[PDB]
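Enquirer: Please find one structure pasted underneath; my questions will follow.
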Protein chains: 2
Amino acid sequence: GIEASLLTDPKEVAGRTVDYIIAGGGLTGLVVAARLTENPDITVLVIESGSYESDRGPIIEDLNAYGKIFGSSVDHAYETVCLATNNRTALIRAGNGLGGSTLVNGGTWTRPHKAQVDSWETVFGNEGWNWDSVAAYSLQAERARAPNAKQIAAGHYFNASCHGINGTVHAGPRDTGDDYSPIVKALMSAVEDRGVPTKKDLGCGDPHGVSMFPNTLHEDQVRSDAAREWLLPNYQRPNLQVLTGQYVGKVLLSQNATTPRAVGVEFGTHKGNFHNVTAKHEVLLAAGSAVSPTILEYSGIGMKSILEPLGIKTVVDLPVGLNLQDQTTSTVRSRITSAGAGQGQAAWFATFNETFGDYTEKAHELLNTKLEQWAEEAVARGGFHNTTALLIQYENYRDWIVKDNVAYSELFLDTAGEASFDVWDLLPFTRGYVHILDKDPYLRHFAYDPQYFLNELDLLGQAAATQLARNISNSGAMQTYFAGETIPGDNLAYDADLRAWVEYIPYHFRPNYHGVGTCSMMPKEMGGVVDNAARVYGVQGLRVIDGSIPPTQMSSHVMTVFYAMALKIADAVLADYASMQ
Amino acid sequence: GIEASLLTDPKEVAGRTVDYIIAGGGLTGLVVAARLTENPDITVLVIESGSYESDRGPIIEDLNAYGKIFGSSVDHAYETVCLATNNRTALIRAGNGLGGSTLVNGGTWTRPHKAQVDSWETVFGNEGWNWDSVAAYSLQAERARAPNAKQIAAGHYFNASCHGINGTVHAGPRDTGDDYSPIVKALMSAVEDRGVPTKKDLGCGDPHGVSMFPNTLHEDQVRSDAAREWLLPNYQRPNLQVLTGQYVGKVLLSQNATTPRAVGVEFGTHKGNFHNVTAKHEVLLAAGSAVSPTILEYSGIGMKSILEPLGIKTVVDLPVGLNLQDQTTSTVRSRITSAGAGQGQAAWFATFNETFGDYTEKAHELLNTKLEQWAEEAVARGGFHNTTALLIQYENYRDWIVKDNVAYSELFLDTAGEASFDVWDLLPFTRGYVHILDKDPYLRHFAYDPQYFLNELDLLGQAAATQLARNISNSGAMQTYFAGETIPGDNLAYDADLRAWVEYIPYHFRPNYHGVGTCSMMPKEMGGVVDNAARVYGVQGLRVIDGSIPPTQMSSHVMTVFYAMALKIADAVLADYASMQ
Ligand SMILES: *[C@@H]1O[C@H](CO)[C@@H](O[C@@H]2O[C@H](CO)[C@@H](O[C@@H]3O[C@H](CO[C@H]4O[C@H](CO)[C@@H](O)[C@H](O[C@H]5O[C@H](CO)[C@@H](O)[C@H](O)[C@@H]5O)[C@@H]4O)[C@@H](O)[C@H](O[C@H]4O[C@H](CO)[C@@H](O)[C@H](O)[C@@H]4O)[C@@H]3O)[C@H](O)[C@H]2NC(C)=O)[C@H](O)[C@H]1NC(C)=O
Ligand SMILES: *[C@@H]1O[C@H](CO)[C@@H](O[C@@H]2O[C@H](CO)[C@@H](O[C@@H]3O[C@H](CO[C@H]4O[C@H](CO)[C@@H](O)[C@H](O[C@H]5O[C@H](CO)[C@@H](O)[C@H](O)[C@@H]5O)[C@@H]4O)[C@@H](O)[C@H](O[C@H]4O[C@H](CO)[C@@H](O)[C@H](O)[C@@H]4O)[C@@H]3O)[C@H](O)[C@H]2NC(C)=O)[C@H](O)[C@H]1NC(C)=O
Ligand SMILES: Cc1cc2nc3c(=O)[nH]c(=O)nc-3n(C[C@H](O)[C@H](O)[C@H](O)COP(=O)(O)OP(=O)(O)OC[C@H]3O[C@@H](n4cnc5c(N)ncnc54)[C@H](O)[C@@H]3O)c2cc1C
Ligand SMILES: Cc1cc2nc3c(=O)[nH]c(=O)nc-3n(C[C@H](O)[C@H](O)[C@H](O)COP(=O)(O)OP(=O)(O)OC[C@H]3O[C@@H](n4cnc5c(N)ncnc54)[C@H](O)[C@@H]3O)c2cc1C
Ligand SMILES: *[C@@H]1O[C@H](CO)[C@@H](O)[C@H](O)[C@H]1NC(C)=O
Ligand SMILES: *[C@@H]1O[C@H](CO)[C@@H](O)[C@H](O)[C@H]1NC(C)=O
Ligand SMILES: *[C@@H]1O[C@H](CO)[C@@H](O)[C@H](O)[C@H]1NC(C)=O
Ligand SMILES: *[C@@H]1O[C@H](CO)[C@@H](O)[C@H](O)[C@H]1NC(C)=O
Ligand SMILES: *[C@@H]1O[C@H](CO)[C@@H](O)[C@H](O)[C@H]1NC(C)=O
Ligand SMILES: *[C@@H]1O[C@H](CO)[C@@H](O)[C@H](O)[C@H]1NC(C)=O
Ligand SMILES: *[C@@H]1O[C@H](CO)[C@@H](O)[C@H](O)[C@H]1NC(C)=O
Ligand SMILES: *[C@@H]1O[C@H](CO)[C@@H](O)[C@H](O)[C@H]1NC(C)=O
Ligand SMILES: *[C@@H]1O[C@H](CO)[C@@H](O)[C@H](O)[C@H]1NC(C)=O
Ligand SMILES: *[C@@H]1O[C@H](CO)[C@@H](O)[C@H](O)[C@H]1NC(C)=O
Ligand SMILES: *[C@@H]1O[C@H](CO)[C@@H](O)[C@H](O)[C@H]1NC(C)=O
C-alpha cells in the first residue's frame, strides 16, 4: 500500500528536477507537502531520514504506550553538550520517521494565550501573525470531537466556538474504556479552594487553571500522527514523492546573481556517498529545530565565527542556531488509595504568582531589576549575539507576566493507578544554541546546548513549580487519595523549603523536547533568520518552515500552533507560485 | 581506492551466494575476513552498519582526539535501561564503521594475567584456550616497536621476549613531539615507597604496578584501527567483498526435519526494506557484545521466556544475552605545577590488597563468606540462569584474588597539562543481561542492563580504588606537582572516608565499554552459548566470534586478546573447510 509507494533507492531521484524539495517528513513538512500537491501540476519531493511507522502497532498507535519508543531507531536521541548545571549529558527525544515527533509525543492538544501569539506582530514585526489569524488556521486544521456524558462527568469542558470540526487532524478525549479517576475533579476542587479557575477550554485563548483537554487520536484511540493524517490519504498523488532512509546534507546554491538562490539539495548517508536533486521553485527546510539550522550552516549560511574554524566558506552571514528555547521538566509522584483508581489526564496552567506563592514578591523584584544583566550573561555564553535585541524579548516576557498574567508553569497530571506530576516552567529566560562541529553533514557532529538553569529565575521558577506540585498533591480534596510520596520520596525531605528544592532540581530534571527559536522569525536587525513568510534573509527560493522559527515559547503544547503555522506558510508559497503563472 | 571498492547498494548483494557471511565489520570480523580470504577460493561477504572512516582525519586518526567522535554517526551510543543504582540511563560508546570500536577507543595495548587465560581451559572447559596458545596468537598478530631513548627516559620498559615484531597490528609508544611529563616517574616513585612494583612489561602475563605501555598507532602516530591494519592492505582481493550502510537483522535457518542450519542472513535498514544473501559454508556473528546476542534472539535462538511473549517461535533454547560483564569508571582530577608539563600516560594495575587498604580484612571476609548468597541474588535479578554454574565463576574469581594475586583495579593516568585518573574495578561480580524487546530487528528496541553496583563488593571496590587515586595523587613524589583537586573537588570533601565515597560513586561513574560474556564460551551445562570453536550449540554452520564470547573479564585492555581470539577461531573455521574438500 503506502509502503510500496515510498522511494528507497537514491538513484531513482538523483539528478532530476521537482518544483519543491522538502527536507524532513515530519509535522510541518508533511502538512506543506499535502497542501502543495493539491495542485496536480506542482511536484514535491519529501526526503526523510526515517520511514513509515504509523501501522507498526501499539508502540506507535497507542498514546498510552508513550515513551516505550525512546532509544529505538524511531528516536534520533540527540545528545546535548556536557551541561554546565550538572556536568551531565542529556538526551533530546525526537521522532525519526514519517510524521516526525508526532509519532512519539504525548498527544496533548491545547493552545497558548492570545497575547503571546499577538506579540509576533507587535514586538516581532511579523505582518499577519496574530492570535486571530493563527487560530483560524488552527481551527481549519482541526477535526475535533465534543466529549460525551462519561467524558464530561470526568471533568471535560468543550466550547465549540474554539474548535474546528471539519478539518484534517482528528482530536478528541482520550478514553481507555476504563472508568475515569476521581482524582482529576479532586485536583480541580483543591485549586478552587485557592481561587484558581477550573475547566477553562484550553483551546480558547486564556489557558489558566486546572482542566482536561483533547488528544490527537481518532475515536478508536489510534494516534493521529501527521503521516496518518496528511500523507496516508494522499500518497497516491503522482506529483507527491517521498524518499525515505536518507539525510539531507546541504542546500545547493547558485553562484550567479547578486544574492544566492537555492537550486536543490545534496542528500545521502555517508561522506563520499551522496547525490543531488534540483528544485525548480523552492527548497523548504523542515528537519526540526535541532537540525534545520545545521543544514543551513553546512551550506555556508550562518555565523562566520562558527563556519571558518571548520573550513566552511560563509556565503550568507546570519545568526543561525542561536536563541534556542527549551524547558526543563521534573517529577512529583505519589501512590493513591484504592478509591483513586481510573484513567485520566489533566494539567494546572499556573500563573507567576500561583507558581511562586510566598516567594512572589522576591521573584517580581528580580524580574523588575535583572533583565539587563541577564541578557549580558546569556550573550556572553553564546546563546544570542546582540544584548540590546535580546532585551526586547525579555521586556516582552515581563509584560506577559506582569500585565497579561499568562500561565508561567504547567503541572501535568497522570493518574491510571497513581498521582504523577510532570512539571515545567513554560517561559525560560535562558537562551542556548546549536552549531555544527565538522564540515561533513553525514557525521552529524554538533554541539546542542540549551543552557538549562543558567538563568537564575528559570531555576527558581522550576523549583517553585515542583514544590507546588508536592503541595497540591496533599491538599484539599487530594488528601482523600494521598497514599505516600515515591518521587522525590527518600531523595528530598518532604518538608523541604524552596532553597532545598533549588539544590535538588538540577540533578532531577529532563529536557521537555519543546525546543524552538534556532531560525527565529523576526526582523534581521533583531537577530532573526527568516521573514514573516519564513524566507531566509539574503537567499532566494529558501525557507525554514518548522519549529526552528517561533521566536518565543508559548503557554501551551505546540501542535495546535505548528499545524496552523505550516498551513499559513503553505498559502504564502502557493501565492508566490501563482504570481509566476 | 578502498572507497570505490566498497559496496553501498543493497541490491548489488541481494540474492548472491558466498562461502562465509560475517555480520559486523569490526575488530574480530575484519581479522577473520582477512584470514579466510588468504585462500583465493574462499569468498567472504562482510556486512557493516557503518562505513569507512580511517581516512577521515584527526578525529579518527589522532589518539589524542579520543572522545570527540562520541555522539556522532560513528558512535552507536546504545542506551541502557534506567539503572537501579541511580535511576539514570547511561550511554554505551561503541564504534560504528569499518574497524568497530578500534575506531574510537583509547588505543591502550596490554595483556592480562597468565592464570586468567588458563582458567578458560581449566575452569570453563575450552580445550586449547590457555595462556600459551592465546599469547602465541597475540604475538603473531602484533607488530610492536621498542621504545627509544627519550621514551625510556620517560619511564618506558619493553621486554622483547613478550612482543611480536613481524605481525599485522602496528603498536608502539605514543609520542606527540612534546617533552614527557615528569609526573609519570613521580607516580612510580610514590608507589615504590609502598613496595608496589613499577615498569613491569604489561604484555608479559603478570600485569601489576605502575607502568607505561604501547599504543595501537604507527610510528607517525596514525591510529592502527582494525580496518587500516586488516582491510586496507587487502581490499583488492576479488574474493573479499564489503557492504556498508546496512544492518544484519537475523540469521536465515533451514526449517525441516533435521537440525537447523545457518543458510544465510537477512539485512537491511527498516522493516519494509530488507534482503537475503546465501551462505554456502557458515554465518559468523561479529556485531559486538551488545548486538550479536540480539541477532540470535531475533532468529529464534535464545530463551523461550524472552522470545515467546514477543511472538517469536523458539527454535533453539539457549541462555543467550545473560552473563554480561562490564566495569564502572570514575575520575579524580587535579591541577599541576608548571614543572609537571608534558605528555604521558601510565596505569597502576593494583592488587586486591592494594586497592582496599585498611578495608582489606573486611573485603576478604566478604569474598570468603558471601559467594553463594551473591550468586543467588544475581540469578534472581536475571543476570544468569543457574546459581551453581555462576558460583563456579565466583570461585574462579576468588582464586584469582587470593591464590594468584592478579590486578583487581586499574588507575589510568593522563597528564598533558593536568593529572587525571580514570579508575575502574577490573573484576565485577555483578552479572547483567541484554534482551530484545520487539520482534523487528530494524527497530533496535532492546533492554541492555549491566546491573552496575548491584553487587556490594563491586561498589565497595570501586569506591576504594577511586579514593586510592585521590590518595596517591598527593603522596610522595606526586606532592611536588599537586596544585589542587578539581574532580571531585567541591562535590566531595577532600578527607572523605570509604563510607562517604560509597555514597558519591553511584552518581559519578560511567560505563567502561568493556562488556563481554553475552554469548559465553563455556559448556552448555555451565550456561554457555558456544563451544571451544565458537559454534552455537544446537545449530549447524553458525558461530559468534566477537567480544560476546569471553566468559570472564580480564585485568587488561582487551585488544591484545581479541586479535588473538579472532586468529584462533579463523584456524578452526579453516580446519572445517579443509574437512569438506
Ligand atoms: C528510583 O525510583 C524508584 C521509584 O520510581 C524508587 O523506589 C521507590 O522509593 C520510595 C522511597 O523513596 C518508596 O516509597 C516508600 O514506600 C514504603 C511502603 O511501600 C510499600 O508498600 C507498597 C504498597 O503498600 C508497595 O507497593 C511497595 O512495594 C514496592 O517497593 C518495595 C521496596 O521499595 C519493593 O521491594 C517491591 O518489590 C515493590 O517494588 C512497598 O513495599 C513506605 O514505607 C515509604 O514511606 C516513607 O515515606 C513517607 C512519605 O510520604 C513517610 O510518611 C513514612 O513515614 C515513610 O518514612 C515510602 O513511601 C517506593 O516504594 C519505591 N518504589 C516505587 C515503585 O515507587 C527508588 O528508591 C529510586 N532509586 C534511587 C533514587 O536510587
Ligand atoms: C563540573 O566540573 C568542573 C570540572 O571539570 C567543575 O569546575 C571546577 O570546580 C573546581 C571545584 O570543585 C575548581 O577547582 C578549584 O579551583 C579554585 C581556583 O581555581 C582558579 O584558578 C585556576 C588556575 O589555577 C583557574 O583555571 C580557575 O578558572 C577556571 O575555573 C573557575 C571556577 O573555579 C571559572 O570561574 C573560570 O572561568 C575558569 O573556568 C580559577 O580561576 C580553588 O580555589 C579550589 O581549591 C580548593 O581546593 C584546595 C586543595 O584541593 C583547598 O586547599 C582550598 O581551600 C579550596 O577549597 C579548587 O581547586 C575548578 O577551578 C573548576 N573548573 C575547572 C576544573 O575547570 C564544576 O564545578 C562542575 N560543575 C558541577 C559539579 O555542577
Ligand atoms: C517526547 C515529545 C513529546 C511531545 N509531546 C507533545 C504534546 O503532548 N503536545 C504537543 O502539542 N506537542 C508535543 N511534542 C512536540 C511536537 O511533536 C513537535 O513539536 C513537532 O512534531 C515538531 O514538528 P517539526 O515539523 O518542527 O519537526 P519534526 O516533527 O520533529 O519532524 C522533523 C523530521 O525531519 C526528519 N529529519 C531529521 N534530520 C533530517 C535530515 N537531515 N534530512 C531529512 N530528514 C531529517 C526527522 O526524522 C523528522 O521526521 C512533543 C515532542 C516530543 C519530542
Ligand atoms: C570507548 C572505548 C574505548 C576502548 N579503549 C580500549 C583501549 O584503550 N584498549 C583496548 O584494548 N580496548 C579498548 N576498547 C575495546 C575494543 O576497542 C573493543 O573491545 C573491540 O573493538 C571489540 O571488538 P568486537 O569485534 O567484539 O566488536 P566491535 O569492534 O565493536 O565491532 C562491531 C561492529 O559491528 C557493527 N555492527 C553493529 N550492529 C550491526 C548489525 N546489526 N549488522 C552489522 N554490523 C553491525 C558495528 O558498527 C561495528 O563495526 C575500547 C572500547 C570502547 C567502546
Ligand atoms: C466560548 O467561546 C466563545 C469564543 O471565545 C465566547 O464568545 C464564549 O464566551 C465562550 N464561552 C461560552 C460559555 O460560550
Ligand atoms: C552535484 O552537486 C554540486 C552542485 O553544486 C556539484 O558538485 C555537481 O556538479 C552536481 N552534479 C553532479 C552530477 O554531481
Ligand atoms: C501578583 O503579585 C504582585 C506582587 O506580589 C501583585 O502586585 C499582583 O497584583 C499580584 N497579582 C496578580 C494577578 O498579578
Ligand atoms: C502548601 O501551600 C499552602 C498554601 O496556603 C500552605 O498553607 C501549606 O503550608 C503548604 N505546605 C503544605 C505541606 O501543605
Ligand atoms: C542590535 O539590536 C538592536 C535592536 O534590534 C538594533 O537596533 C541594533 O542595530 C543591533 N545591532 C546589530 C549589530 O545588529
Ligand atoms: C622478559 O621476558 C622473559 C619471558 O617472560 C622472562 O624470562 C624475563 O625474565 C623477562 N624479564 C627480563 C628482564 O628479561
Ligand atoms: C533440511 O535443510 C538442510 C539445510 O538446508 C538440508 O541440508 C537438508 O537436506 C534438509 N532436510 C530435508 C529432509 O529436506
Ligand atoms: C528471501 O528469503 C525469504 C525467506 O527466507 C523469502 O521471502 C524469499 O524467497 C527470499 N528472496 C527474496 C528476494 O525475498
Ligand atoms: C592480603 O591481605 C590478607 C589479609 O587481609 C593476607 O592474608 C594476605 O597475605 C595479604 N597479602 C596478599 C599478597 O594477599
Ligand atoms: C593515604 O594512604 C596512606 C597509606 O595507606 C595512609 O597512611 C594515609 O592515611 C592515607 N590518607 C591520606 C589522607 O593521606
Ligand atoms: C547447573 O549447573 C551445574 C554446574 O554446572 C550443573 O551441575 C547442573 O546440572 C545445572 N543445572 C541445570 C538445571 O542446568
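Simple scheme: letters A, B, ... for chains in C-alpha cells order, numbers from 1 for residues in each chain, numbers from 1 for ligands in the order shown.
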Which neighbours of residue B:171 fall inside 7 Å, counting only C-alpha atoms, when residues of the same chain fewer than 3 positions from it are skipped, and could you give them as a list in words?
Expert: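 Near residue B:171, the qualifying residues are residues 143, 144, 145, 214, 215, 216, 217 and 218 of chain B.
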Enquirer: Save out the residues we just selected, N, CA and C atoms, as a CSV table (one decimal), in the first residue's frame.
Expert:
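The resulting file, again_29.csv, is shown below:
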```csv
chain,number,residue,atom,x,y,z
B,143,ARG,N,52.7,-6.2,15.8
B,143,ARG,CA,53.8,-5.7,15.2
B,143,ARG,C,54.3,-4.5,16.0
B,144,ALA,N,55.0,-4.8,17.1
B,144,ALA,CA,55.4,-3.8,18.1
B,144,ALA,C,56.7,-3.2,17.8
B,145,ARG,N,56.9,-1.9,18.3
B,145,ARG,CA,58.2,-1.2,18.1
B,145,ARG,C,58.8,-0.9,19.5
B,214,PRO,N,52.6,0.4,25.2
B,214,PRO,CA,52.5,0.7,23.8
B,214,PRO,C,51.1,1.2,23.5
B,215,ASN,N,50.9,1.8,22.3
B,215,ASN,CA,49.6,2.2,21.8
B,215,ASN,C,49.4,1.6,20.4
B,216,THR,N,48.1,1.4,20.1
B,216,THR,CA,47.9,0.9,18.7
B,216,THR,C,47.9,2.1,17.7
B,217,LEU,N,49.2,2.5,17.3
B,217,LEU,CA,49.4,3.5,16.3
B,217,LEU,C,50.7,3.2,15.5
B,218,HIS,N,50.8,3.8,14.3
B,218,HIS,CA,52.0,3.7,13.6
B,218,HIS,C,53.0,4.7,14.2
```
Enquirer: Using only C-alpha atoms and all ligand atoms, which residues have at least one atom no more than 12 Å from ligand 8? Output them as a compact mmCIF listing (two decimals) with N, CA, C and O atoms, in the first residue's frame.
Expert:
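File written: selection19.txt
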```txt
# COMPACT_ATOMS: atom_id res chain seq x y z
N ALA A 190 -9.33 21.11 44.77
CA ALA A 190 -8.21 21.60 45.58
C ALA A 190 -7.71 22.98 45.13
O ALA A 190 -7.29 23.78 45.97
N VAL A 191 -7.73 23.27 43.83
CA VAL A 191 -7.27 24.60 43.42
C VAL A 191 -8.40 25.63 43.51
O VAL A 191 -8.12 26.82 43.70
N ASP A 193 -10.31 25.95 45.99
CA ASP A 193 -10.12 26.45 47.35
C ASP A 193 -9.12 27.61 47.40
O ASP A 193 -9.10 28.34 48.39
N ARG A 194 -8.28 27.77 46.39
CA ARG A 194 -7.32 28.87 46.35
C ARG A 194 -7.72 29.97 45.39
O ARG A 194 -6.89 30.83 45.06
N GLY A 195 -8.95 29.96 44.89
CA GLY A 195 -9.36 30.93 43.90
C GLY A 195 -8.76 30.76 42.52
O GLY A 195 -8.66 31.73 41.76
N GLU A 354 0.74 32.30 41.31
CA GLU A 354 0.37 30.95 41.74
C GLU A 354 1.58 30.04 41.85
O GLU A 354 1.60 29.12 42.68
N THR A 355 2.60 30.26 41.00
CA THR A 355 3.79 29.41 41.00
C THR A 355 4.70 29.73 42.17
O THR A 355 5.26 28.82 42.79
N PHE A 356 4.88 31.01 42.47
CA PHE A 356 5.88 31.38 43.45
C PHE A 356 5.34 31.48 44.88
O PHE A 356 6.15 31.46 45.82
N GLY A 357 4.02 31.53 45.06
CA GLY A 357 3.44 31.64 46.39
C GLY A 357 4.12 32.68 47.27
O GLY A 357 4.14 33.87 46.94
N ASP A 358 4.71 32.22 48.38
CA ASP A 358 5.36 33.12 49.34
C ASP A 358 6.51 33.90 48.71
O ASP A 358 6.85 34.99 49.20
N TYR A 359 7.14 33.36 47.67
CA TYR A 359 8.29 34.00 47.02
C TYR A 359 7.87 34.94 45.89
O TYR A 359 8.73 35.42 45.13
N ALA A 464 10.10 26.18 42.38
CA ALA A 464 8.84 26.59 42.99
C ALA A 464 7.66 25.84 42.39
O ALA A 464 6.72 25.47 43.11
N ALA A 465 7.67 25.60 41.08
CA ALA A 465 6.55 24.89 40.48
C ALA A 465 6.52 23.43 40.91
O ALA A 465 5.44 22.85 41.05
N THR A 466 7.69 22.81 41.11
CA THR A 466 7.72 21.42 41.53
C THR A 466 7.32 21.28 43.00
O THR A 466 6.54 20.38 43.35
N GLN A 467 7.82 22.16 43.86
CA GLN A 467 7.36 22.22 45.24
C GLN A 467 5.84 22.37 45.31
O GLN A 467 5.18 21.70 46.12
N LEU A 468 5.27 23.24 44.47
CA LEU A 468 3.83 23.39 44.41
C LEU A 468 3.15 22.07 44.03
O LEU A 468 2.06 21.76 44.52
N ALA A 469 3.79 21.29 43.16
CA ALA A 469 3.17 20.03 42.75
C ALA A 469 3.10 19.05 43.92
O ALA A 469 2.11 18.32 44.06
N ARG A 470 4.13 19.02 44.77
CA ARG A 470 4.05 18.25 46.00
C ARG A 470 2.96 18.80 46.91
O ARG A 470 2.15 18.05 47.46
N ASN A 471 2.91 20.12 47.05
CA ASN A 471 1.93 20.76 47.92
C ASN A 471 0.51 20.35 47.53
O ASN A 471 -0.23 19.77 48.34
N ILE A 472 0.11 20.61 46.28
CA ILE A 472 -1.26 20.38 45.86
C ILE A 472 -1.64 18.89 45.86
O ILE A 472 -2.83 18.57 46.00
N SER A 473 -0.67 17.97 45.74
CA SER A 473 -0.99 16.55 45.80
C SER A 473 -1.54 16.14 47.17
O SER A 473 -2.30 15.17 47.26
N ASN A 474 -1.16 16.84 48.24
CA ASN A 474 -1.66 16.50 49.58
C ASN A 474 -2.42 17.68 50.18
O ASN A 474 -2.20 18.05 51.33
N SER A 475 -3.31 18.27 49.40
CA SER A 475 -4.02 19.48 49.80
C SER A 475 -5.47 19.34 49.37
O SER A 475 -5.75 18.75 48.32
N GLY A 476 -6.39 19.84 50.20
CA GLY A 476 -7.80 19.84 49.82
C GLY A 476 -8.34 18.45 49.58
O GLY A 476 -7.97 17.49 50.27
N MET A 478 -7.50 16.44 47.47
CA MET A 478 -6.43 15.50 47.11
C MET A 478 -5.95 14.70 48.32
O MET A 478 -5.39 13.61 48.12
N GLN A 479 -6.15 15.21 49.54
CA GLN A 479 -5.80 14.44 50.74
C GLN A 479 -6.55 13.12 50.80
O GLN A 479 -6.05 12.14 51.38
N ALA A 493 13.68 15.51 51.50
CA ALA A 493 12.81 15.56 52.67
C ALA A 493 11.49 16.24 52.33
O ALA A 493 11.46 17.27 51.63
N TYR A 494 10.39 15.66 52.83
CA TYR A 494 9.04 16.03 52.41
C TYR A 494 8.65 17.45 52.79
O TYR A 494 7.73 18.01 52.18
N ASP A 495 9.32 18.04 53.79
CA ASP A 495 9.07 19.41 54.22
C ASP A 495 10.15 20.37 53.72
O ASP A 495 10.37 21.42 54.34
N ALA A 496 10.84 20.02 52.64
CA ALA A 496 11.88 20.89 52.10
C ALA A 496 11.32 22.26 51.73
O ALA A 496 10.20 22.38 51.23
N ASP A 497 12.12 23.30 51.99
CA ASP A 497 11.78 24.66 51.60
C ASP A 497 12.28 24.92 50.18
O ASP A 497 12.83 24.03 49.52
N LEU A 498 12.10 26.15 49.69
CA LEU A 498 12.46 26.44 48.31
C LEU A 498 13.97 26.29 48.09
O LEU A 498 14.39 25.71 47.09
```
Enquirer: Give me, as CSV, the closest atom pair and its distance (Å, one decimal) for every residue of chain B within a cut-off of 6 Å of ligand 10, counting only C-alpha atoms and all ligand atoms, rows sorted by chain and rising number.
Expert:
```
residue,atom,partner,partner_atom_place_in_ligand_line,distance
B:159,CA,ligand 10,1 (C),5.0
B:161,CA,ligand 10,2 (O),4.9
B:162,CA,ligand 10,2 (O),5.8
B:204,CA,ligand 10,5 (O),5.6
```
Enquirer: Just list the residues in stretch 6-93 of chain A DSSP gives alpha helix (DSSP H) on the backbone, as a PyMOL selection string.
Expert: chain A and resi 27-37+58-61
Enquirer: If the limit is 7 Å from any atom of ligand 6, counting only C-alpha atoms and all ligand atoms, which residues qualify? Return them as JSON, numbers by chain.
Expert: {"A": [15, 252, 253, 266, 275, 276]}
Enquirer: Restricting the calculation to only C-alpha atoms: of A:347, A:573, A:316, A:82, which residue gets closest to chain B?
Expert: A:82
Enquirer: Considering only C-alpha atoms, give me a table of residues in chain B that are at most 6 Å from chain A, with the closest atom pair and distance in Å for each, as CSV.
Expert:
```
residue,atom,partner,partner_atom,distance
B:72,CA,A:445,CA,5.0
B:73,CA,A:443,CA,5.2
B:443,CA,A:73,CA,5.2
B:444,CA,A:72,CA,5.3
B:445,CA,A:72,CA,5.0
```
Enquirer: Go ahead and write the selection's residues with C-alpha atoms as a PDB file, in the first residue's frame.
Expert:
```pdb
ATOM      1  CA  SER B  72      28.424  11.212  16.074  1.00  0.00           C
ATOM      2  CA  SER B  73      27.234   8.760  13.409  1.00  0.00           C
ATOM      3  CA  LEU B 443      13.575  -1.114  15.283  1.00  0.00           C
ATOM      4  CA  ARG B 444      16.567  -1.879  17.598  1.00  0.00           C
ATOM      5  CA  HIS B 445      14.314  -1.836  20.665  1.00  0.00           C
TER       6      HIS B 445
END
```
Enquirer: Give as a ChimeraX atom specification the residues surrounding ligand 9 up to a distance of 8 Å, considering only C-alpha atoms and all ligand atoms.
Expert: /A:386-390,392,523-527
Enquirer: Only N, CA and C atoms, please: the residues just picked out, written as a short mmCIF file (atom, residue, chain, number, x, y, z; two decimals), in the first residue's frame.
Expert:
```
data_model
loop_
_atom_site.label_atom_id
_atom_site.label_comp_id
_atom_site.auth_asym_id
_atom_site.auth_seq_id
_atom_site.Cartn_x
_atom_site.Cartn_y
_atom_site.Cartn_z
N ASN A 386 23.31 39.66 20.33
CA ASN A 386 23.14 41.11 20.45
C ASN A 386 22.31 41.38 21.70
N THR A 387 22.96 41.96 22.72
CA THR A 387 22.32 42.15 24.03
C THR A 387 21.10 43.05 23.93
N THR A 388 21.20 44.13 23.17
CA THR A 388 20.08 45.05 23.00
C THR A 388 18.86 44.34 22.44
N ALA A 389 19.06 43.48 21.44
CA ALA A 389 17.92 42.79 20.83
C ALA A 389 17.37 41.69 21.74
N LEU A 390 18.23 41.01 22.53
CA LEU A 390 17.69 40.03 23.48
C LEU A 390 16.78 40.70 24.50
N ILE A 392 14.72 43.09 24.10
CA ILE A 392 13.36 43.17 23.55
C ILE A 392 12.55 41.94 23.94
N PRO A 523 12.62 40.38 12.54
CA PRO A 523 13.47 41.20 11.66
C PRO A 523 14.96 40.87 11.81
N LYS A 524 15.69 41.04 10.71
CA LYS A 524 17.12 40.78 10.73
C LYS A 524 17.82 41.60 11.82
N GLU A 525 17.46 42.88 11.94
CA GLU A 525 18.13 43.74 12.92
C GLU A 525 17.83 43.33 14.36
N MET A 526 16.80 42.52 14.59
CA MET A 526 16.52 41.95 15.90
C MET A 526 17.20 40.61 16.13
N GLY A 527 17.98 40.11 15.18
CA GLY A 527 18.60 38.80 15.30
C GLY A 527 17.88 37.68 14.58
#
```
Enquirer: Hey, which residues sit close to ligand 4? Say within 6 Å, counting only C-alpha atoms and all ligand atoms, and write them as a PyMOL selection string.
Expert: chain B and resi 23-29+47-50+93-102+104-109+247-249+286-289+291+513-514+546-547+557-559
Enquirer: Have a look at B:454, B:123, B:262, B:196 and name the one nearest to ligand 11; count only C-alpha atoms and all ligand atoms.
Expert: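 Smallest separation from ligand 11 among the options: B:262.
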Enquirer: For ligand 13, list the contacting residues at 10 Å or closer, counting only C-alpha atoms and all ligand atoms, as a list in words.
Expert: residues 351, 352, 353, 354, 356, 357, 358, 359, 360, 361, 362, 363, 364, 365, 401, 402, 403, 404, 405 and 406 of chain B
Enquirer: Kindly export the residues of the current selection with C-alpha atoms, as a compact mmCIF listing (two decimals), in the first residue's frame.
Expert:
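Wrote it out as part.txt, contents follow:
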```
# COMPACT_ATOMS: atom_id res chain seq x y z
CA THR B 351 46.03 -5.90 43.54
CA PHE B 352 43.04 -6.53 45.82
CA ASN B 353 45.02 -5.60 48.96
CA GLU B 354 46.47 -2.51 47.29
CA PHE B 356 41.23 -1.81 49.67
CA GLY B 357 43.95 -0.57 52.02
CA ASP B 358 42.66 -0.53 55.60
CA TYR B 359 39.44 -2.26 54.48
CA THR B 360 41.38 -5.31 53.21
CA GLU B 361 40.42 -7.68 56.05
CA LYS B 362 36.74 -6.79 55.76
CA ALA B 363 36.79 -7.09 51.95
CA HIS B 364 38.47 -10.52 52.20
CA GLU B 365 35.85 -11.57 54.75
CA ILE B 401 42.46 -12.80 44.03
CA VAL B 402 43.62 -14.99 46.94
CA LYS B 403 45.87 -17.56 45.26
CA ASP B 404 47.18 -15.72 42.16
CA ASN B 405 47.03 -12.10 43.43
CA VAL B 406 46.02 -10.72 39.99
```
Enquirer: Could you pull the residues within 7 Å of residue A:261, counting only C-alpha atoms, minus those fewer than 5 positions along the same chain, as a PyMOL selection string?
Expert: chain A and resi 253-254+539-541
Enquirer: Kindly save the residues from that selection, with C-alpha atoms included, as a CSV table (one decimal), in the first residue's frame.
Expert:
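This went into out_13.csv:
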```
chain,number,residue,atom,x,y,z
A,253,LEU,CA,23.2,27.4,-4.0
A,254,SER,CA,23.6,29.4,-7.2
A,539,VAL,CA,18.7,33.9,-0.2
A,540,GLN,CA,16.1,33.3,-2.9
A,541,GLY,CA,13.8,30.3,-3.0
```
